[PDB]
$ cat final-v8.cif   # mmCIF, C-alpha atoms
data_protein
loop_
_atom_site.label_atom_id
_atom_site.label_comp_id
_atom_site.auth_asym_id
_atom_site.auth_seq_id
_atom_site.Cartn_x
_atom_site.Cartn_y
_atom_site.Cartn_z
CA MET R 3 -4.96 -22.32 12.11
CA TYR R 4 -2.05 -20.80 10.18
CA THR R 5 -0.38 -20.16 13.54
CA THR R 6 2.86 -22.12 13.39
CA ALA R 7 4.34 -19.39 15.60
CA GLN R 8 7.95 -20.33 16.25
CA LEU R 9 9.35 -19.41 19.67
CA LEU R 10 13.00 -18.52 20.11
CA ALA R 11 13.52 -16.83 23.49
CA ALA R 12 13.35 -18.19 27.04
CA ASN R 13 14.23 -15.20 29.21
CA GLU R 14 13.69 -15.78 32.93
CA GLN R 15 14.43 -12.59 34.91
CA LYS R 16 13.67 -14.41 38.14
CA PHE R 17 15.46 -13.06 41.18
CA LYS R 18 18.43 -11.22 42.69
CA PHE R 19 20.12 -12.73 45.73
CA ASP R 20 23.55 -13.58 47.16
CA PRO R 21 23.88 -14.64 50.82
CA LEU R 22 27.53 -13.84 51.61
CA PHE R 23 26.78 -14.51 55.27
CA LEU R 24 27.23 -18.27 55.54
CA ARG R 25 30.56 -17.80 53.75
CA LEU R 26 31.43 -14.63 55.69
CA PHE R 27 30.74 -15.47 59.35
CA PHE R 28 29.77 -19.16 59.57
CA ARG R 29 32.42 -20.89 57.48
CA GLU R 30 31.93 -24.01 59.63
CA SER R 31 28.94 -26.36 59.85
CA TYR R 32 28.43 -28.69 62.82
CA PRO R 33 25.66 -31.26 62.24
CA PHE R 34 23.72 -32.57 65.21
CA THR R 35 24.13 -36.12 66.41
CA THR R 36 21.77 -35.54 69.34
CA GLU R 37 18.30 -34.11 69.95
CA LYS R 38 19.54 -30.97 71.71
CA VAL R 39 22.43 -28.50 71.59
CA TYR R 40 24.68 -27.13 74.33
CA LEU R 41 26.44 -23.78 73.90
CA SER R 42 28.24 -21.97 76.72
CA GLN R 43 30.94 -19.40 77.41
CA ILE R 44 32.93 -18.21 80.43
CA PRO R 45 33.26 -14.43 80.99
CA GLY R 46 36.43 -12.92 82.36
CA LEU R 47 36.19 -9.98 84.78
CA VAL R 48 38.34 -9.53 87.89
CA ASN R 49 39.08 -6.78 90.36
CA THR T 2 -13.14 -30.74 18.46
CA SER T 3 -10.85 -27.91 17.30
CA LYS T 4 -11.76 -28.44 13.64
CA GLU T 5 -11.32 -25.06 11.98
CA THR T 6 -10.40 -24.20 8.39
CA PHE T 7 -7.24 -22.71 6.88
CA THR T 8 -8.10 -21.53 3.37
CA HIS T 9 -5.38 -20.60 0.90
CA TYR T 10 -5.70 -16.98 -0.24
CA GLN T 11 -5.15 -16.25 -3.96
CA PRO T 12 -6.82 -13.08 -5.27
CA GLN T 13 -5.53 -13.80 -8.79
CA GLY T 14 -7.20 -16.32 -11.10
CA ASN T 15 -4.96 -16.08 -14.18
CA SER T 16 -1.39 -15.41 -15.30
CA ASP T 17 -2.22 -11.76 -16.01
CA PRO T 18 0.08 -9.56 -13.87
CA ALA T 19 -1.68 -7.18 -11.51
CA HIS T 20 -0.27 -3.72 -10.85
CA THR T 21 -0.87 -1.17 -8.11
CA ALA T 22 -0.78 2.61 -7.84
CA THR T 23 -1.70 5.25 -5.29
CA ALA T 24 -3.78 8.41 -5.48
CA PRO T 25 -5.14 10.92 -2.94
CA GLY T 26 -8.11 9.10 -1.44
CA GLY T 27 -11.06 10.82 0.18
CA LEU T 28 -12.21 7.75 2.09
CA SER T 29 -14.89 8.53 4.69
CA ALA T 30 -15.24 5.04 6.19
CA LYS T 31 -13.26 2.04 7.43
CA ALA T 32 -12.61 0.33 4.11
CA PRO T 33 -11.13 -3.17 4.50
CA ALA T 34 -9.03 -4.97 1.92
CA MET T 35 -10.40 -5.66 -1.57
CA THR T 36 -13.11 -3.01 -1.80
CA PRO T 37 -14.22 -1.33 -5.05
CA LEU T 38 -13.72 2.41 -5.38
CA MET T 39 -14.89 5.34 -7.49
CA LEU T 40 -13.95 8.93 -8.20
CA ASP T 41 -15.90 11.71 -6.54
CA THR T 42 -18.02 13.97 -8.74
CA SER T 43 -17.27 17.34 -7.11
CA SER T 44 -13.89 17.06 -5.37
CA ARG T 45 -12.92 14.01 -7.49
CA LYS T 46 -11.16 12.31 -4.60
CA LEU T 47 -11.29 8.53 -4.13
CA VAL T 48 -14.21 6.98 -2.24
CA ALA T 49 -15.73 3.55 -1.79
CA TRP T 50 -17.75 2.43 -4.80
CA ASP T 51 -21.36 2.54 -3.62
CA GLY T 52 -22.50 0.18 -6.37
CA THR T 53 -25.07 2.69 -7.65
CA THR T 54 -22.91 5.00 -9.79
CA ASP T 55 -22.97 2.94 -12.97
CA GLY T 56 -19.73 2.68 -14.93
CA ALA T 57 -17.65 4.70 -12.45
CA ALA T 58 -15.89 1.84 -10.65
CA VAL T 59 -12.32 3.12 -10.92
CA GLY T 60 -10.21 0.55 -9.10
CA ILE T 61 -10.02 -2.10 -6.40
CA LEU T 62 -8.43 -1.35 -3.03
CA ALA T 63 -5.15 -3.04 -2.13
CA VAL T 64 -4.62 -2.34 1.59
CA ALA T 65 -7.19 -1.21 4.14
CA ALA T 66 -7.32 2.44 5.16
CA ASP T 67 -9.48 5.08 6.85
CA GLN T 68 -9.97 8.85 6.94
CA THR T 69 -6.48 9.45 8.33
CA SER T 70 -5.04 7.92 5.14
CA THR T 71 -4.50 10.91 2.85
CA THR T 72 -3.80 8.70 -0.18
CA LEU T 73 -4.81 5.14 -1.01
CA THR T 74 -3.11 2.37 -2.96
CA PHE T 75 -5.15 0.13 -5.23
CA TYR T 76 -4.75 -2.37 -8.04
CA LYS T 77 -4.75 -0.98 -11.57
CA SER T 78 -4.81 -4.34 -13.38
CA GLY T 79 -5.29 -8.05 -12.80
CA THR T 80 -8.20 -10.48 -12.70
CA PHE T 81 -10.01 -11.46 -9.51
CA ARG T 82 -12.71 -13.85 -8.36
CA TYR T 83 -16.34 -12.83 -8.01
CA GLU T 84 -16.38 -13.81 -4.33
CA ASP T 85 -12.92 -12.86 -3.05
CA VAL T 86 -13.64 -9.15 -3.50
CA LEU T 87 -16.33 -7.76 -1.23
CA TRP T 88 -19.09 -5.72 -2.82
CA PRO T 89 -21.32 -2.86 -1.67
CA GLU T 90 -24.76 -4.00 -0.59
CA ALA T 91 -26.35 -1.65 -3.13
CA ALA T 92 -24.59 -3.68 -5.85
CA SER T 93 -27.20 -6.39 -5.42
CA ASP T 94 -27.15 -7.72 -9.00
CA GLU T 95 -24.64 -10.33 -10.11
CA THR T 96 -24.44 -9.06 -13.69
CA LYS T 97 -23.87 -5.46 -12.60
CA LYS T 98 -21.17 -6.57 -10.17
CA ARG T 99 -19.53 -8.75 -12.83
CA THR T 100 -19.43 -6.19 -15.63
CA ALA T 101 -18.88 -3.16 -13.37
CA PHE T 102 -15.13 -3.04 -14.03
CA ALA T 103 -15.43 -3.62 -17.77
CA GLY T 104 -13.41 -1.12 -19.78
CA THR T 105 -10.40 -1.08 -17.45
CA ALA T 106 -7.44 -3.36 -16.85
CA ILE T 107 -9.38 -4.67 -13.83
CA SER T 108 -11.13 -7.93 -14.67
CA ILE T 109 -13.45 -10.19 -12.71
CA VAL T 110 -14.49 -13.80 -13.19
CA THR N 2 31.30 29.77 -11.68
CA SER N 3 28.56 28.18 -13.78
CA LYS N 4 27.22 25.38 -11.57
CA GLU N 5 25.15 22.79 -13.44
CA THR N 6 23.82 19.58 -11.91
CA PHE N 7 23.35 16.53 -14.10
CA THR N 8 20.11 14.72 -13.35
CA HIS N 9 19.27 11.12 -14.12
CA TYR N 10 15.98 11.09 -16.01
CA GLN N 11 13.26 8.65 -14.89
CA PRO N 12 9.93 9.57 -16.52
CA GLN N 13 8.46 6.34 -15.18
CA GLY N 14 7.84 5.77 -11.50
CA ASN N 15 7.04 2.08 -11.19
CA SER N 16 8.19 -1.23 -12.65
CA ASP N 17 4.87 -1.73 -14.45
CA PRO N 18 5.49 -1.69 -18.22
CA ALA N 19 4.54 1.27 -20.38
CA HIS N 20 3.15 0.31 -23.78
CA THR N 21 3.21 2.71 -26.71
CA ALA N 22 0.43 3.16 -29.24
CA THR N 23 -0.02 5.14 -32.46
CA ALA N 24 -3.28 6.92 -33.25
CA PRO N 25 -4.51 9.56 -35.70
CA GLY N 26 -3.65 13.02 -34.42
CA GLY N 27 -5.54 16.30 -34.39
CA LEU N 28 -2.86 18.15 -32.46
CA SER N 29 -3.33 21.91 -32.29
CA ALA N 30 0.31 23.01 -32.36
CA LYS N 31 3.82 21.93 -31.35
CA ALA N 32 3.30 19.78 -28.25
CA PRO N 33 6.52 18.65 -26.53
CA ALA N 34 7.04 15.22 -24.99
CA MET N 35 5.38 14.10 -21.75
CA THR N 36 2.19 15.92 -22.70
CA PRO N 37 -1.31 14.76 -21.71
CA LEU N 38 -3.83 14.28 -24.49
CA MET N 39 -7.58 14.10 -24.95
CA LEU N 40 -10.09 12.95 -27.55
CA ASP N 41 -12.20 15.57 -29.30
CA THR N 42 -15.92 15.37 -28.62
CA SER N 43 -16.75 16.22 -32.24
CA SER N 44 -13.85 15.32 -34.53
CA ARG N 45 -12.66 12.43 -32.32
CA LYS N 46 -9.11 13.66 -32.86
CA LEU N 47 -6.21 13.68 -30.42
CA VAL N 48 -5.68 17.18 -29.02
CA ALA N 49 -3.52 18.19 -26.06
CA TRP N 50 -5.46 17.81 -22.82
CA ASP N 51 -7.03 21.11 -21.80
CA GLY N 52 -6.70 20.55 -18.07
CA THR N 53 -10.36 21.45 -17.48
CA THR N 54 -12.52 18.58 -18.73
CA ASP N 55 -12.88 15.77 -16.21
CA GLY N 56 -12.13 12.30 -17.53
CA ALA N 57 -10.71 13.67 -20.79
CA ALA N 58 -7.34 12.15 -19.85
CA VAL N 59 -6.60 9.25 -22.21
CA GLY N 60 -2.84 9.09 -22.72
CA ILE N 61 0.45 10.95 -22.71
CA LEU N 62 2.41 11.63 -25.89
CA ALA N 63 5.79 9.92 -26.24
CA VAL N 64 7.78 11.87 -28.86
CA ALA N 65 7.26 15.57 -29.49
CA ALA N 66 5.32 16.45 -32.64
CA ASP N 67 3.25 19.33 -33.98
CA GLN N 68 0.04 20.00 -35.90
CA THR N 69 1.70 18.80 -39.11
CA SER N 70 1.91 15.21 -37.80
CA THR N 71 -1.10 13.15 -38.86
CA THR N 72 -0.27 10.30 -36.47
CA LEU N 73 0.90 10.53 -32.86
CA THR N 74 2.55 8.05 -30.50
CA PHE N 75 1.65 7.97 -26.82
CA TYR N 76 1.89 5.73 -23.78
CA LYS N 77 -1.32 3.80 -23.09
CA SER N 78 -0.07 2.07 -19.93
CA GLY N 79 2.33 2.38 -17.03
CA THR N 80 3.02 4.81 -14.21
CA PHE N 81 4.77 8.17 -14.13
CA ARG N 82 5.71 10.77 -11.55
CA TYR N 83 3.97 14.12 -11.01
CA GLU N 84 6.68 16.76 -11.40
CA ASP N 85 8.35 15.22 -14.46
CA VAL N 86 5.19 15.24 -16.59
CA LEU N 87 4.35 18.74 -17.80
CA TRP N 88 0.75 19.87 -17.47
CA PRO N 89 -1.57 22.48 -18.94
CA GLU N 90 -1.86 25.43 -16.59
CA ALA N 91 -5.62 24.83 -16.29
CA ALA N 92 -5.10 21.94 -13.85
CA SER N 93 -4.06 24.19 -10.97
CA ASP N 94 -4.98 21.73 -8.18
CA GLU N 95 -2.47 19.04 -7.28
CA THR N 96 -5.11 16.46 -6.37
CA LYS N 97 -6.82 16.93 -9.73
CA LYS N 98 -3.49 16.70 -11.54
CA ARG N 99 -2.85 13.42 -9.70
CA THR N 100 -6.22 11.74 -10.24
CA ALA N 101 -6.65 13.11 -13.77
CA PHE N 102 -5.68 9.78 -15.37
CA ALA N 103 -7.83 7.59 -13.12
CA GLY N 104 -9.64 4.52 -14.39
CA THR N 105 -7.10 3.46 -17.03
CA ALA N 106 -3.72 1.77 -17.38
CA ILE N 107 -2.11 5.20 -17.03
CA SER N 108 -1.21 5.91 -13.41
CA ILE N 109 0.66 8.62 -11.54
CA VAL N 110 2.63 8.79 -8.31
#
$ encode --input "final-v8.cif" --output "structure tokens"
Amino acid sequence: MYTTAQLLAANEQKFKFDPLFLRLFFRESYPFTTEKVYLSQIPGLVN
Amino acid sequence: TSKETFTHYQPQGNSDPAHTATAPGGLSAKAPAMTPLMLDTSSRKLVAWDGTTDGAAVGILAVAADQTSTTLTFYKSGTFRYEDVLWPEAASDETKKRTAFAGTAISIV
Amino acid sequence: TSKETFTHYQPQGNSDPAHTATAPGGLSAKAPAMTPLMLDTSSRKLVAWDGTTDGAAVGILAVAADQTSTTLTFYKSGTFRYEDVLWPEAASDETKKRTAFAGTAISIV
């Protein structure tokens, strides 16, 4: 039982990740107050 | 449940200092710690003491070794218990085992 | 021109003590220091070790003497190196020269 066996290191080496997208293209968040969403756009093309 | 034993290990039984030295060993087995040894008759290398060659117990092994070990280290002095040191099975008499190392600095109790 | 290297002298090889002892001598001739000895089968006198007889190693003389000295002083214990101790030319095998002093308080490295 002479196994006192001190531990001294807690290395993780878990993961590698960085989004960059939410802070690059979607700097704005719009929470929903309703059940649905409504997104639209008007194109411009004229002779 | 997990009731095991942790036994204190003291090869020495007296205040006599024990001393070690090495010599080219011709071991032909897997000798563990605290094994008696003898000198060979023809090549006079070092081998495990079989217990049969009377009066030829040279020394007591210090650290385990094998064939790859060209030379072996062993105690040259000191006093040791009768039970702590393992013995060859051929050495099946207590008196022979006890007095085997008489005449050297190696002593047994 | 003349290149000489001073060398520290360490006849011993290990911290184990070397104990001297004086005994009646039957030395053949002038034997310098660090010389192995043996006991005569017949006269039981101390004569320089031949280098042939197995187990004849008993001790190593301390201070150089000759045949005119009735008593000789020699180390009965300790450890010494291989190259420093001079040997009779008979012991022409390094392993034998090493394990010549086995079984006693005299040890070699």
$ closest_residue --input "final-v8.cif" --among "T:91, T:5, T:45, T:72" --to "chain R" --atoms "all atoms listed in the file"
T:5
$ interface_residues --input "final-v8.cif" --of "chain T" --to "chain R" --cutoff "10 Å" --atoms "only C-alpha atoms" --output "number ranges by chain"
T: 3-9
$ calpha_fit_rmsd --input "final-v8.cif" --fixed "chain T" --moving "chain N"
0.7 Å
$ resolve_selection --input "final-v8.cif" --expression "the PyMOL selection byres ((chain N) within 8 of (chain T))" --output "ChimeraX atom specification"
/N:17,80,96-97,99-100,103-106,108-110
$ closest_residue --input "final-v8.cif" --among "N:30, N:87, N:64, N:101" --to "residue 48 in chain N" --atoms "only C-alpha atoms"
N:30
$ residues_near_point --input "final-v8.cif" --point "(-6.4, -10.3, -6.4)" --cutoff "8 Å" --atoms "only C-alpha atoms" --output "PyMOL selection string"
chain T and resi 11-14+19+35+79-82+85-86
$ atom_distance --input "final-v8.cif" --atom1 "CA of residue 56 in chain T" --atom2 "CA of residue 16 in chain N"
28.3 Å
$ atom_distance --input "final-v8.cif" --atom1 "CA of residue 32 in chain N" --atom2 "CA of residue 63 in chain N"
10.4 Å
$ atom_distance --input "final-v8.cif" --atom1 "CA of residue 33 in chain T" --atom2 "CA of residue 66 in chain T"
6.8 Å
$ closest_residue --input "final-v8.cif" --among "T:27, T:15, T:10, T:49" --to "residue 71 in chain T" --atoms "all atoms listed in the file"
T:27
$ residues_around --input "final-v8.cif" --residues "residue 62 in chain T" --least-positions-apart "5" --cutoff "7 Å" --atoms "all atoms listed in the file" --output "PDB file with C-alpha atoms, keeping the file's coordinate frame"
ATOM      1  CA  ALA T  34      -9.030  -4.970   1.920  1.00  0.00           C
ATOM      2  CA  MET T  35     -10.400  -5.660  -1.570  1.00  0.00           C
ATOM      3  CA  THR T  36     -13.110  -3.010  -1.800  1.00  0.00           C
ATOM      4  CA  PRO T  37     -14.220  -1.330  -5.050  1.00  0.00           C
ATOM      5  CA  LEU T  38     -13.720   2.410  -5.380  1.00  0.00           C
ATOM      6  CA  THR T  74      -3.110   2.370  -2.960  1.00  0.00           C
ATOM      7  CA  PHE T  75      -5.150   0.130  -5.230  1.00  0.00           C
ATOM      8  CA  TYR T  76      -4.750  -2.370  -8.040  1.00  0.00           C
TER       9      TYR T  76
END
$ residues_around --input "final-v8.cif" --residues "residue 89 in chain N" --least-positions-apart "5" --cutoff "8 Å" --atoms "only C-alpha atoms" --output "count of residues only"
3
$ decode --input "final-v8.cif" --residues "range 6-17 of chain R" --atoms "N, CA, C and O atoms" --output "PDB file, in the first residue's frame"
ATOM      1  N   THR R   6       1.699   6.291  -1.952  1.00  0.00           N
ATOM      2  CA  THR R   6       1.237   7.649  -1.680  1.00  0.00           C
ATOM      3  C   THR R   6       1.016   8.424  -2.975  1.00  0.00           C
ATOM      4  O   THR R   6      -0.037   9.042  -3.168  1.00  0.00           O
ATOM      5  N   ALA R   7       2.000   8.398  -3.875  1.00  0.00           N
ATOM      6  CA  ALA R   7       1.804   8.717  -5.291  1.00  0.00           C
ATOM      7  C   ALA R   7       1.237  10.127  -5.489  1.00  0.00           C
ATOM      8  O   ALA R   7       0.105  10.320  -5.933  1.00  0.00           O
ATOM      9  N   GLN R   8       2.061  11.113  -5.148  1.00  0.00           N
ATOM     10  CA  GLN R   8       1.672  12.501  -5.361  1.00  0.00           C
ATOM     11  C   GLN R   8       1.452  12.778  -6.844  1.00  0.00           C
ATOM     12  O   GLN R   8       2.176  12.268  -7.703  1.00  0.00           O
ATOM     13  N   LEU R   9       0.440  13.588  -7.141  1.00  0.00           N
ATOM     14  CA  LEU R   9       0.178  14.076  -8.487  1.00  0.00           C
ATOM     15  C   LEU R   9       0.432  15.575  -8.528  1.00  0.00           C
ATOM     16  O   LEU R   9       0.137  16.289  -7.566  1.00  0.00           O
ATOM     17  N   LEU R  10       0.972  16.049  -9.647  1.00  0.00           N
ATOM     18  CA  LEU R  10       1.381  17.442  -9.742  1.00  0.00           C
ATOM     19  C   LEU R  10       1.017  18.118 -11.056  1.00  0.00           C
ATOM     20  O   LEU R  10       1.274  19.317 -11.195  1.00  0.00           O
ATOM     21  N   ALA R  11       0.436  17.407 -12.017  1.00  0.00           N
ATOM     22  CA  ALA R  11       0.184  17.987 -13.326  1.00  0.00           C
ATOM     23  C   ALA R  11      -1.248  17.700 -13.743  1.00  0.00           C
ATOM     24  O   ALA R  11      -1.755  16.597 -13.527  1.00  0.00           O
ATOM     25  N   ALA R  12      -1.886  18.694 -14.354  1.00  0.00           N
ATOM     26  CA  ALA R  12      -3.285  18.623 -14.758  1.00  0.00           C
ATOM     27  C   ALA R  12      -3.454  19.119 -16.186  1.00  0.00           C
ATOM     28  O   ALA R  12      -4.340  19.919 -16.494  1.00  0.00           O
ATOM     29  N   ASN R  13      -2.590  18.648 -17.081  1.00  0.00           N
ATOM     30  CA  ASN R  13      -2.675  19.048 -18.478  1.00  0.00           C
ATOM     31  C   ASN R  13      -4.000  18.600 -19.080  1.00  0.00           C
ATOM     32  O   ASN R  13      -4.502  17.516 -18.780  1.00  0.00           O
ATOM     33  N   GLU R  14      -4.579  19.455 -19.922  1.00  0.00           N
ATOM     34  CA  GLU R  14      -5.855  19.155 -20.560  1.00  0.00           C
ATOM     35  C   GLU R  14      -5.699  18.736 -22.018  1.00  0.00           C
ATOM     36  O   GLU R  14      -6.076  17.618 -22.383  1.00  0.00           O
ATOM     37  N   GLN R  15      -5.130  19.606 -22.851  1.00  0.00           N
ATOM     38  CA  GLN R  15      -5.017  19.375 -24.292  1.00  0.00           C
ATOM     39  C   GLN R  15      -6.359  18.934 -24.875  1.00  0.00           C
ATOM     40  O   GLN R  15      -6.525  17.818 -25.369  1.00  0.00           O
ATOM     41  N   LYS R  16      -7.328  19.844 -24.801  1.00  0.00           N
ATOM     42  CA  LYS R  16      -8.707  19.501 -25.122  1.00  0.00           C
ATOM     43  C   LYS R  16      -9.040  19.727 -26.593  1.00  0.00           C
ATOM     44  O   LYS R  16      -9.395  18.784 -27.305  1.00  0.00           O
ATOM     45  N   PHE R  17      -8.924  20.965 -27.064  1.00  0.00           N
ATOM     46  CA  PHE R  17      -9.547  21.307 -28.332  1.00  0.00           C
ATOM     47  C   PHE R  17      -8.885  22.543 -28.921  1.00  0.00           C
ATOM     48  O   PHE R  17      -8.142  23.259 -28.246  1.00  0.00           O
TER      49      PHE R  17
END
